[PDB]
Structure formats: C-alpha cells, structure tokens
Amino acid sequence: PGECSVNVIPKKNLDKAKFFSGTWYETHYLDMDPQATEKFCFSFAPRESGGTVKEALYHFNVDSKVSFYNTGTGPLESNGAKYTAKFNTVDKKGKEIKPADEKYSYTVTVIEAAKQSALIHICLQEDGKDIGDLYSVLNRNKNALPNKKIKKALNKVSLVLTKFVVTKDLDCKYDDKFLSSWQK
C-alpha cells in the first residue's frame, strides 16, 4: 500500500565530499502516491563526517505558503550513497521546537550524481515499515535542467521525467540562509 520502490540502486563510488556539501534544490519530483498532488518546494544541505550524516531540510507548501524546517541525523551505509536518519523539527534559527519521534525515520539513496545534478530516492518509514516514497531530481541551481546521466538513471528504472512535477513554475519561496549557514 505505502510500499517503497524496489530497484533503487545506490550510486557506485559517490564522491562524498562533493555531494555532502553546499545546498541542493529539488527541481523535479515524483511522489509514488498518485493522489499526493499538493505542490511543494524542497531544498537541503547534507553533510557527512565519520560515517554520520547530518542534514538541514527546508520545505515550502506552495498552497498554504507555510514553510517548515527539520534536521536529520543517521549512519551512512558502507556503500557510501545511502543513509537512514531520524529527524526533529526546528525553527528558522535552527533551534529545536519539536523533538525527534522515535517511531519515524527516512532512508535516502543517492542513485546518480553528475556535474551540478543528482537523483535521489527517499523512503519514509514508521516503526521500520514503509509508509511511502518519492524520487527527486536535484540541482545546484534552482532553474536548471538535469544532466543526461540523471535521465539515463531514470530510464533504467522505467521512470520518465515527463511524469515528474516541475517546481520552477511554482511560486517557490526559499530560506537560503538557513541552509547556507548549516554547521557554520
């Protein structure tokens, strides 16, 4: 029902220092629930050290004009391109406003990365059971189109970019300072 996709393959030999740096913007996304049709914008700043990922997350609800901020922490898998995190809720200043709920986690897989582009998959879980998943194309630049390598990776798993929501058209509002100041 809320079962996460199979055939999500972590990139071989991801350059960690490059991927886990700076800010990434979602440019296209595909929620695997066809009824999940609310428009959102997303950006994040993932960092890694000693086999642990610490990331700052930003979402913006286009419909309601409400933004929310989270941080996530968890171990990086031995393959170096997949991690599972627990998360809390913070305000725009980075201060915790709601503690992590033990029953929830998410698993991010980096499927492909090339130049200024990447393709990721996220699986949300409750008590270790799948509750839903999503694919996202990322770019360093809000308005940029994906590298062909990202399209190749989509093709390998029988997805086509035309099915994704494109957010550059949406009235996105970003908190870039929250992400740029992450772990500063």
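One-based numbering along the sequence shown.
Novice: Pick between 83 to 91 and 98 to 106: the one whose mean CA B-factor in the entry is higher.
Specialist: 98 to 106 has the higher mean C-alpha B-factor.
Novice: Select between 168 to 176 and 15 to 23 the stretch whose C-alpha atoms have the higher average B-factor in the entry.
Specialist: For C-alpha atoms only, the mean B-factor is higher in 168 to 176.
Novice: Using the temperature factors in the entry, find which of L138, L30, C123, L154 has the highest value at its Cα atom.
Specialist: That would be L154.
Novice: Of the options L57, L134, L119, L159, which has the highest CA B factor as deposited?
Specialist: If I rank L57, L134, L119, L159 by C-alpha B-factor, first place goes to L159.
Novice: According to the PDB entry, is the CA B factor of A45 in the bottom, middle or top third of its chain, that is, lowest, middle or highest?
Specialist: Its C-alpha B-factor, which the entry lists for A45, ranks in the lowest third among residues of this chain.
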